Each structure stands twice: as structure tokens, then as C-alpha cells.
Amino acid sequence: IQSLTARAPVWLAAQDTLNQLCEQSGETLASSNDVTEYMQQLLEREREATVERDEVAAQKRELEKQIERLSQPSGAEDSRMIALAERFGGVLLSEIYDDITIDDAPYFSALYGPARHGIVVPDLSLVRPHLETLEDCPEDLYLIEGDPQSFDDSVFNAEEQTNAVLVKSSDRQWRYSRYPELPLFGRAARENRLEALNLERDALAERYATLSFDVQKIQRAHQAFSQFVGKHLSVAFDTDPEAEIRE
Amino acid sequence: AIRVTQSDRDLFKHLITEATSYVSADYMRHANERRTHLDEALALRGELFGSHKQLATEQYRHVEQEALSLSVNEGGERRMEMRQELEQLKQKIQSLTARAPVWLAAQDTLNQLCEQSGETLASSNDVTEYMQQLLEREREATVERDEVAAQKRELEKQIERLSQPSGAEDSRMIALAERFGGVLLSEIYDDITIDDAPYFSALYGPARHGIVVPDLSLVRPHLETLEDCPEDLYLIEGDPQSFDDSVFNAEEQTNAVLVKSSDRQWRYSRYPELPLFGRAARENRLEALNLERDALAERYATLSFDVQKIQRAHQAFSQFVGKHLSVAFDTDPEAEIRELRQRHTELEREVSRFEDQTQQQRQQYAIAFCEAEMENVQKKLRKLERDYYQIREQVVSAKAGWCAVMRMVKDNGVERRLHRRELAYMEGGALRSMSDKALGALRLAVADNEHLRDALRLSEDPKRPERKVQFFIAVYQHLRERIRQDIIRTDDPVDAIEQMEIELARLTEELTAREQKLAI
């Protein structure tokens, strides 16, 4: 009886913690080996939930980058283009076409092709001395000559076709552009599309929040089991002393 | 957000703890008091009844060579007492002996397992501490090997993206080059030197991917028929077999090229790397990616091996605590067995002395007061009977209140929150100490509120126990109103603590960094 009495309180404390722990989980534990196998299942759920979390994170990053490209001032390769626009006596072409309607936007975007985001500069010889200094610029910079305030349609050997445009860029060179949807120019409704993108990104943020919460829950559950075994196994799953003392 | 949640968690966690301790300790003290009352009642009842019948029987009776026996009866009993003690001592030695090889095996495998581990073990709780450290390290290792596997998947995806021949080329463009007399431009300059390749790629710009068609008469009729083609198709006129320099008014700058593309149009480009021309299969890049992939594979292999080692050590410890923990770190039983052998010897000497002494000894040797005293015991019986009567009223009256408290407590408190059954094996002094210190904390915690303050005030009369549980109920309801279920859903605050903890961890993780800072 003295031995059982000395042993009892430790076993009782251990049992309370064990009951709380297993009830906190869906599965009921019965032995040391059982607890270990539950550890392993917990690890597998960690490493699955984390993969979904990371993939959703990748989508969210892509969405923010896409939204950000359409932001300012007239959405373009804004990193250097604004400074490059003022360092010459020119104006950004996409900014000149800020006001165009949605109906002509796809046509113009097909027409100008890669040069949509070039700069208008009426001489193009004043840049020739400056040019050697351009070490910080997009890998392909486009320059056009004309009046920035009342720029005339750049002389293109253009030719309209069904839902596409043909152009002779140079002697022995032609480009053929198909009408895109939701273009660059006409940056009035392109705010409409970035509004759609904001609506899209809201859902990704919500879903990512839930997934991160789940991962944290799993991690803390593993922490709880580790703390438990650190403080608990010495008397875990042993026979009940109340019964034997009563006997 | 982290600030607000921190404040809420601190408040909940402290107030709930003090309320729970203050209430539960008193509850258990009452349980123990009732047990003591029942024990006292049964003991005094037992001896009262027994003495009563004895007194009745003694009243009925009341109304109605020598040294050989003593010397042999005592001597024989003494040796016999020691015969039984010898058997005990024998049984004690037998128990210690049955436990001896078990202990020795425990120590042996303990030393072996200790040496298998870097850290040295000295106590049971120390062993379990080391075990949880091992689990922690195992979890970290498996996380790292998973990370490396993910990066190796990324590299393998990048290499797979080098579909054909080494670095993917769009087959649709090959079909288009088949549909018009001509050849793909990159296919024409795919073999130019790597030194000049960046220069050429800068020269051609977007037109790098295009078809060399020397006629330009086949396309125009077929142009309106093209729908699957890339959105920006490029075409150039020249001999595919011996392709003359394309018309560029190209002028070479430092690490860049300038091209007068058209009237009123110049195009400026800088030198890239991985040029579309001069590919030569760019096998060197494929091999650099293979080198990186193989480095990742090797790192993954090492981490997998390490995790396997850790798991094996874990299983060893699980088995040990499954089969030797009961005897781990105990002392050597042989010393105690030796001591009991000395006791056997003295016992055998004493047995010999009594056997000899009894042998020699047996060989040479071979009412008015009772009534008066007993009537006072009868009157003692009467006094004891009224004492029993008092105790009995105490017991029944106490149960009447236990009934009510256990009726009200069934609002989930008794399940495990108030019934802190650990406390049943403690004396009342410790219970009161805990209750008093908990009350000291509560007075400060509850200082501002008035409802809770009134309830706590009412609770401190020992003669009305249900008041304390009512105070507990007030606390729980008060907390439930403050949960702010916009972000939390559990109604039980005690369970809500875990959700506040999770929120703190997640918010601290979101706080990390973005650093994509660049603007006008």
C-alpha cells in the first residue's frame, strides 16, 4: 500500500495529460508504439499541407506581380522607363494612347507590336551621343520620331486583315500580329481588368490564410506530443493504482 | 493585430488559471473532508458495536510444571517467529535475486544505448528529455530532406523544359516553316560561335524566331488562313542555304547594338546571355543544370540517410523504456542480498539458541470490581453512542448539500476542469495554501469588474460551497461574451487559448519580409 500510494499521484497526473492530449486529437492512443506511429502520420500531414500552402503562395505571388505591372503611371516597364522618358525630350507612346477606346485598343496593340512601350522623340540624333551611357534600361528599347503632342501615325507599311495586321518592317522583313484580347493601350478599362485581378487575388489570400493556419496547427500538435513524451513516458499506460489500493 | 491578440491571450490565460485553481482546490478539500467524516463514523461505529456486544456477553458471564508451559510456549513461538522471518528474509533475497539479472541487463543495455548516443544519460526524466530532443531533431531533418526534394523537382522541371534537342524549340514553328518554302532562322544560325552568339541575339531582337522565305509570294494568299500561328509571327526573305546578312543599319556600341529598323524608328538592345543563336545545343548549360541537380540529389541522399539513423535510435529508446525503465538507474541488489544473508546468520544463531534453550529447558522440566468497572464501560458506551449520533447528523447534512452542488456542476465543469483528481492525495494544509494564494491573485485580477467582484466576495464563507461554483460559472460566461468570434469559433475559452496561440504563430510568420521596393 505504501508503494502504491507513493506511485499513484504521478500516474494520475500523467493520465490527465494523456486524456487531454488524445481527446484533442481524433484518434485514441493506447501504447508507446501507437504514439510513435501517430507521430509519423502527423509528419505526413505536415509535408502535404505545406506543399499546398507553397503552391498557393506561388500563385499569389504571380497575381501580385501581374497586378503591379498594370499599375502606374501608364502601366508599363515603369522601373526605368519614366526616367528614360524624361531624360530625352520625349513622351511614352502608351501614355499618348491612354485615352483610346476598347474597340480600337486591340487593333492598336496588334499594330504597334513590341514597340507599344517605346518613346516618341522627334529627332533621334540628339540621343545618339546620350546612347552610349544607357547601361540601365530594358533589354530592347524602342524609339520613334514625331510630334509628341500631335503624333501622326508612324509610317508603317501596315495592312489590315481578318482579326490581324500585316506590316513590312524593313526590306525583306514582315511581321504578322493577331488581335490580342485585353491589351496594353487604352489604359482606362485596363483598370477594369486589374479590378478583375484584385477580385481574383482576394480568394487566393483567403485560401492561403486557411492553409497557413492548418500548417501551424499541425506543427503545434507535434510540439505538444514531443513535450508530452519528454515529461510523461516514465509512467505512461501503466495499470490503475486506485483499483489495486481498493483491493 | 499581434498586439491586440497578445493582450487578449494574456488576460484569458491568467484569469482562467486563477479561477480554476481557487475553485477546484476547495472542491477537493470538501471531498476529502467528507471522506474523513465517513471514515470516522465507520470506525467509531465498529468499535462501539463490538464493545457493546462484548459488554453484553461479559455481563452474562459475570451473572453466571507451570513454568514448563510458559518457557516452551514462548521459546517455540520465538523460534517460529524467526522461522517465518527467515522465510521472509529468504523471500526478500529471492525477490532481489529475481530482480538482479533484470537489473543487470537493464544497466548493460542502458550503457550500450548511452554510448550509441552522443549525450550521456543519468536519470529517467533525463532519458525522456533526451528522447524528446531526438524527436525534435528527427522532425527538423525530415523537413530539410523534403525541402531539398522540392528544389530537385524544380531543377528537373527546368531540365525537362529543355525538351528538344537540348532546349525546347516550338514544333508549331517547324510546321509553319514546312508550310512555306523556307527555314527557321535559329536553325540557320544554330551553330555560330558562342563568342558572337550574344551579339547576334542582340542584333535580331524579337525577330530571332522567324522563317527565312525567299519568295514572300506564298505567304500573302495563305496569310488570312493562319490562325494557330504565334501571335507575333516574323518572316524574312533570303536564301535559306546561304543566308545573306539581313537588312539592318546596325551600329555596334559598348555591350550593345543600335539598329535603324525603319523610317523614324531606331531599336536599341544590350548583349544578353543564353542567345538563341549559336546554340550548339548549349549542352554546357544542360550540364550545369545537371551538376546542380546532382548536387541536390546528393544532399537529399545524405539527409535521407541521416533521418534513417535518427529513427533507428528512436526505436531503440522506445523499446528500452518499454522493457527496462522500471529498473533503470536503480542500485545493485547484491549488497542488500548480502545484508539479508547476515540477518539469516544471526537469525540461524538465534534459532539455534532458542532450539537449544527449549530442548534443555523441556528436558529438565519434563467479581464486584468487574461489575463496577464494566458498568463504567457501559456508561462509556452511552457517551460513545451520543458521539456517534452527532457524527451521523454531520454526515447526512453534508450529503444534502453535495447533492445540489453536483447537480449544478454538470454544466461541463466537473468533467475535467473542477475535478482535479491529482489533488486527492494531498493533505488539507497544502490545499488551503494553494486556495489562499490563488485568492490573492484573483483579488488583483478581478479588481476592476463589479459583477465578478460581488460573486467572489460572496464566495468566501466556508458554510455555503455552491457559491464558489457559481462564481466559476460567472467567470466562464463573462469570458464567453469577450471571445470575438469574428476570428474564433470555440465557445469554451480554455479551448480558445490554442487558437490565440496559432494566430500569434501565423501572424509572426506573415511579418517576415517582401523587399521588392522600387518606385518614382
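Every chain here is numbered from 1 following its written sequence, a scheme that can differ from the numbering in the entry; residues without coordinates are not drawn. Chains carry letters and ligands carry numbers; both start at the beginning, A for chains and 1 for ligands, and go up in the order they are written. Values throughout apply to the part shown, which belongs to a larger assembly of chains. Only hydrogens and water are removed before side-chain values are computed, so all heavy atoms of the structure are retained for them.

In the PDB header, cryo-EM is given as the technique by which the entry was determined, and 7.8 Å as its resolution.

Under the PDB entry, the name given to chain B is Chromosome partition protein MukB, and the source organism is Photorhabdus thracensis. Here the PDB entry title reads "MukBEF in a DNA capture state".

If you check the PDB entry, chain A appears there as Chromosome partition protein MukB from Photorhabdus thracensis.

A. Fine view of the interface of chain A and chain B. Contacts between residues were defined by any pair of non-hydrogen atoms, one from each residue, lying within 4.5 Å. In this assembly, 65 residues from chain A lie in contact with 63 residues from chain B. Summed over both partners, the accessible area lost on bringing two parts together, with a 1.4 Å probe, is the buried area. Of all residues in chain A, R172, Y176 and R178 of chain A bury the most surface against chain B, accounting for 12% of the area lost on that side. Salt bridges are counted wherever a side-chain nitrogen of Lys or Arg sits within 4 Å of a carboxyl oxygen of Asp or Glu. Along the contact surface separating chain A from chain B lie seven salt bridges. What qualifies as a polar contact is a pair of N or O atoms within 3.5 Å, subject to a donor-acceptor requirement within protein and to the restriction that residues adjacent in sequence count only when both atoms come from side chains. On inspection of chain A and its partner chain B, the count reaches 27 residue pairs in polar contact. Only DSSP runs of H or I reaching four residues or more are called helices, and only runs of E reaching two or more are called strands; each is numbered from the N terminus. Ranked by residue count, the leading element in the side of chain A that touches chain B is helix 7 (residues 190–232) of chain A, at 14 residues. In this count, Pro and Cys sit with the nonpolar residues alongside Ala, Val, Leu, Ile, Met, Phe, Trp and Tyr, while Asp, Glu, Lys and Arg are called charged and the others, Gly among them, polar. Across the side of chain A that touches chain B, the residue classes break down as 25 nonpolar, 20 polar and 20 charged.

B. Expanded view of the sheet that holds strand 3 (residues 140–144) of chain A. Note on pairing: DSSP must find at least two bridges between two strands before they are called paired. The strand order 1(A)-2(A)-3(A)-6(B)-5(B)-4(B) describes an open sheet built from six strands, whose pairing is mixed. At either end of the open sheet lies a strand with only one pairing partner, and these are strand 1 (91–92) of chain A together with strand 4 (250–253) of chain B. Inspection of the sheet shows strand 3 of chain A paired to strand 6 (residues 265–270) of chain B by five bridges, in the antiparallel sense. Within strand 6 of chain B, the position partnered with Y142 of chain A by the bridge is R267 of chain B.

C. The arrangement of the pairing of strand 5 (residues 256–262) of chain B in detail. Counted residue by residue, strand 5 of chain B has five buried out of seven residues, so it is predominantly covered. Counting the residues that bridge the hairpin from strand 4 of chain B to strand 5 of chain B gives two residues, and of these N255 of chain B lies at a positive phi of roughly 55°. Accessibility here uses a 1.4 Å probe with only protein chains present; expressed as a share of the type maximum, an area under 20% marks a residue as buried, one over 50% as exposed, and anything in between as partly exposed.

D. A look at helix 12 (residues 428–445) of chain B. A helix is expected to span 1.5 Å multiplied by its residue count minus one. Between the first and last C-alpha of helix 12 of chain B there are 25 Å, a value that for 18 residues agrees with the 26 Å anticipated at 1.5 Å per step. For helix 12 of chain B, the secondary structure elements touched by its buried residues are helix 1 (2–63), helix 13 (451–459) and helix 14 (466–481) of chain B.

E. Spotlight on the packing of aromatic side chains. Residues and elements named next belong to chain A. Only centres within 6.5 Å qualify two rings of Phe, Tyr or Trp (six-membered ring in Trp) as a pair; their planes then separate them into stacked at under 30 degrees, edge-to-face at over 60, and tilted for everything else. Applying the stated criterion to the full structure yields 21 aromatic pairs over all chains. Where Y97 meets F108, the ring centres are 5.3 Å apart and the plane angle is 65°; that geometry is what we call edge-to-face. Separated by 11 residues along the polypeptide, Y97 in the loop between helix 4 (93–96) and helix 5 (105–112) and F108 in helix 5 bring together distant segments of the chain. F108 carries the same exposure label as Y97, and that label is buried. By the criterion adopted, a ring carries a charge over it if an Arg CZ or a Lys NZ lies within 6 Å of its centre and within 35 degrees of its normal. Here the basic side chain of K60 rests over the ring of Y208, its NZ or CZ set 4.0 Å away from the ring centre.

F. Representation of the pattern of salt bridges within the structure. Per the stated rule, a full pass over the model turns up 35 salt bridges over all chains. Two residues, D136 of chain A and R80 of chain A, come together in a salt bridge whose shortest N-O distance is 2.5 Å. With a gap of 56 residues between them, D136 of chain A in the loop between helix 6 (127–131) and strand 3 and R80 of chain A in helix 3 (residues 78–87) connect regions that are remote in the sequence. The salt bridge partner of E515 of chain B is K517 of chain B, with a shortest N-O separation of 3.0 Å. Here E515 of chain B falls in the partly exposed class, since its relative accessible area comes to 49%. Among the residues examined, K517 of chain B registers a relative accessible area of 68% and is labelled exposed.

G. View of the pairing of strand 3 of chain A. Residues and elements named next belong to chain A. Buried residues dominate strand 3, accounting for four of its five residues. Where strand 2 (residues 119–120) and strand 3 come together, two bridges link them in parallel fashion. Looking across to strand 3, one finds that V120 is bridged to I144.

H. Just the sheet that holds strand 3 (residues 232–236) of chain B, in detail. Across the sheet, which stays open at both edges, the six strands sit in the order 4(A)-5(A)-6(A)-3(B)-2(B)-1(B) with mixed pairing between neighbours. Two strands bound the open sheet, and with one partner strand each, they are strand 4 (157–161) of chain A together with strand 1 (183–184) of chain B. In this sheet, strand 3 of chain B lies alongside strand 6 (residues 173–178) of chain A in antiparallel orientation, the contact comprising five bridges. Directly across from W174 of chain A, in strand 3 of chain B, lies its bridge partner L235 of chain B. Where helix 5 of chain A meets the sheet, it contacts strand 4, strand 5 (164–170) and strand 6 of chain A, and its direction lies at approximately 155° from that of strand 6 of chain A. Lines fitted to C-alpha atoms define the axes here, with helix axes fitted over just the stretch in contact, and angles between the N-to-C directions of these axes take values from 0 to 180 degrees.

I. Quick look at the side chain of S109 of chain A. Residues and elements named next belong to chain A. On the secondary structure map, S109 appears in helix 5. Here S109 falls in the buried class, since its relative accessible area comes to 2%. Leaving out residues up to four positions away in the same chain, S109 has contacts with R116, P183, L184 and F185.

J. Summary view of a positive patch on the surface. Residue and element names in this part refer to chain B. A patch consists of residues whose relative accessible area exceeds 30% and which take part in no salt bridge; residues with like charges are grouped when within 9 Å of each other, and nonpolar side chains (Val, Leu, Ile, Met, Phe, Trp, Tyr) when within 5 Å. All accessible areas in this document rest on Shrake-Rupley with a 1.4 Å probe, and a residue is counted as covered only by the protein chains that are shown. In this tally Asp and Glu are treated as negative and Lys and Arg as positive; neither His nor the chain ends contributes. For this purpose, a charge sits on NZ of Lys, CZ of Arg, CG of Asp or CD of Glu. A cluster of basic side chains, namely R34, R35, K399, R407 and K410, defines a positive patch on the protein surface. The set of elements that each furnish at least two residues to the positive patch consists of helix 1 and helix 10 (368–408). One can find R34 in helix 1. The exposure class assigned to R34 is partly exposed, which follows from its relative accessible area of 34%.

K. How the structure looks around the packing of helix 2 (residues 66–116) of chain B against helix 8 (residues 283–323) of chain B. Residues and elements named next belong to chain B. As a packed pair, helix 2 and helix 8 sit with axes 11 Å apart at the nearest point and diverge in direction by 160°. Taken together, helix 2 and helix 8 sit at an angle that is classed as roughly antiparallel. In the packing of helix 2 onto helix 8, the handedness of the crossing is left-handed. Together, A106, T109, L110 and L113 of helix 2 and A316, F317 and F320 of helix 8 make up the contact between the two elements. In terms of residue class, the contact of helix 2 with helix 8 is made up of six nonpolar, one polar and no charged. Angle categories are assigned with fixed cut-offs, so that under 35 degrees is roughly parallel, over 145 is roughly antiparallel, 65 to 115 is roughly perpendicular, and the rest are oblique. Two helices crossing with the near one rotated counterclockwise from the far one by less than a right angle form a left-handed crossing, whereas a clockwise rotation gives a right-handed crossing.

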